[PDB]
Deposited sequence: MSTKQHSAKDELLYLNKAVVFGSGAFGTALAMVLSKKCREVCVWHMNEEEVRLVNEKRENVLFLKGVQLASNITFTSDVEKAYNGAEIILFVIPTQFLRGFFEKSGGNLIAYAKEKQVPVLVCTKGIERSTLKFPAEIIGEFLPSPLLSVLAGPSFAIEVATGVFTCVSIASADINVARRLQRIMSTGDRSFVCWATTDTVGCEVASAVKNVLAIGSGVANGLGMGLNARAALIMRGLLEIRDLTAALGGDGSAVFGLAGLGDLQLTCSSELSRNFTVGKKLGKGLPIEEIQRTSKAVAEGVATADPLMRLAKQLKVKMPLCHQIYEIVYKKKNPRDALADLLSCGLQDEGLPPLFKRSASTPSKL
């Protein structure tokens, strides 16, 4: 079925730039959209100003979007649930405030869409995996793709992928998330692991992209970093049991090339400053997602025995004071090799 689905209510848990942008997307497909945000005082400000002045400045919220600090009112009556709570707070949220939410989702069979990106430090688990400890996995999908929040929020043409182990679940979500003006287009896939890996690793590679710029390198270098870094996303995906079909799609290469070309982003400027020779302590006086991800990414790579050359060198630069030029020369000391891509056709 290529016919779109419209709903009475959607709830978005998480009030960041991306969460708000998706609320904008859902406001064209659901009569009512609640965005949950824990601080009551800030919720009131946002509803009065008709604008997420904290994380999406300069964008007018649709009149059918309401911010709320009350979990129970947020999800009550919802026909789709989105999670964009940052990784570190996910488990705590379900433990402290998810009891009724979980019961409701279980009972009503409400589709859940995971948009959180990262790796949990204590378990080295990805967001949809964490959420799957609480909500039955058949209800779980992942959304990932090249999607700057501001472009998504103002309706500028965007393609994403929706991943689900059962393709038919992804296909239902496709009908819900895709807009009537074709401004937001969704492609179905099975590769939830690939999506989640790409989403986490892209942020670490975007620091490297910054390093390259601060070292004096140009766009050829950035293009090579993307291509070689994609192979590390692939190998980690394999080791984690993923089928890998998202790696070379919108969730993998698509989001990765966009994130690494984002010159004004926090990951990039942190990487640029490191490339220019500044120590991380001086840069740290919000944290860049790549900085946070690099340590548990390394720990996970080591546990699975997956070599991630670029990501490892980025970890060394960020966490272990390594000179970026020594890291570059270490990277380039492997000698001449084959590209390392299998043939597609026999």
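- Unmodelled regions of the deposited chain sequence (numbering from residue 1, in sequence order): 1 to 8, 294 to 296, 358 to 366.
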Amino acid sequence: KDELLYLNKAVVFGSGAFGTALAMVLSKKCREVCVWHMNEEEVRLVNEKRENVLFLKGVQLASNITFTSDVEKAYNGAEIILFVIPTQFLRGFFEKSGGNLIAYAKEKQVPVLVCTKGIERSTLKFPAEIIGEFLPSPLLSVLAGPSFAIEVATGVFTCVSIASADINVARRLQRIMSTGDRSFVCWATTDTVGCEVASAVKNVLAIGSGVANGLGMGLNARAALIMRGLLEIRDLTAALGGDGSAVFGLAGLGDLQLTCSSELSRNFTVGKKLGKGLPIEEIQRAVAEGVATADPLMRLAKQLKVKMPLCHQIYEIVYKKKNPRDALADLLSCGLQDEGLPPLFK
From here on, numbers count along this sequence of modelled residues.
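Basically, rigid core = biggest C-alpha set you can superpose within 1.5 Å across the two forms.
- The segment moving more, judged by mean Cα distance from this form in 6 other deposited structures of this protein after a core overlay, is 258 to 266 among 258 to 266 and 225 to 233.
- Rigid core superposition in 6 other deposited structures of this protein puts the Cα atoms of one stretch, out of 61 to 69 and 314 to 322, farther from the shown form on average, and that stretch is 314 to 322.
- Annotation for 272 to 280 versus 91 to 99: the higher mean temperature factor (C-alpha) is found in 272 to 280.
- The PDB entry records a higher mean C-alpha B factor for 45 to 53 than for its counterpart among 30 to 38 and 45 to 53.
- Out of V152, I85, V142, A74, the entry records its largest CA B-factor for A74.
- Between the residues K125, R222, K108, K202, the entry's highest C-alpha temperature factor is the one at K108.
- Annotation for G16: CA B-factor lies in the middle third of the chain's modelled residues.
- Sort the chain's modelled residues by C-alpha temperature factor and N168 lands in the middle third, per the entry.
- Per the PDB record, residue ranking by Cα B-factor puts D255 in the middle third of the chain.
- Annotation for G244: C-alpha temperature factor in the lowest third relative to the rest of the modelled chain, per the entry.
- The PDB entry assigns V185 a C-alpha temperature factor belonging to the lowest third of its chain's modelled residues.
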